[PDB]
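Only one chain comes next, encoded as structure tokens, the form deposited in one PDB entry.
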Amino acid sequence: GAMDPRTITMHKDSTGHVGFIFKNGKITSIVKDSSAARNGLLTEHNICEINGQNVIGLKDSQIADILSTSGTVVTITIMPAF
């Protein structure tokens, strides 16, 4: 149902970005026309896995560094959170 996970595969743009903001593991904004926008990354969902790597229990700075250092393809598993 509503709590099935979603896998969102994005491609960094020419500036190195997939197009989102997050805080405390939770997506908070999507950049217009970005890969995040076009592949359905959602706010009010938490980041669980990036490129197959479990990121549950990691700090935002750790998530950030995984995102920045990734190759162009960035795949995120997201779940609703409360």
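All residue numbers are counted from 1 along the displayed sequence.
Separately, the form solved in complex with a partner chain exists; it is not shown, and the next lines address it.
- Interface membership of residue 21, defined by any non-hydrogen atom within 4.5 Å of the partner chain in the deposited bound form, is confirmed.
- Under a 4.5 angstroms non-hydrogen atom cutoff, the partner chain in the deposited bound form lacks residue 58 among its neighbouring residues.
- Within 4.5 Å of any heavy atom of the partner chain in the deposited bound form lies no heavy atom of residue 73.
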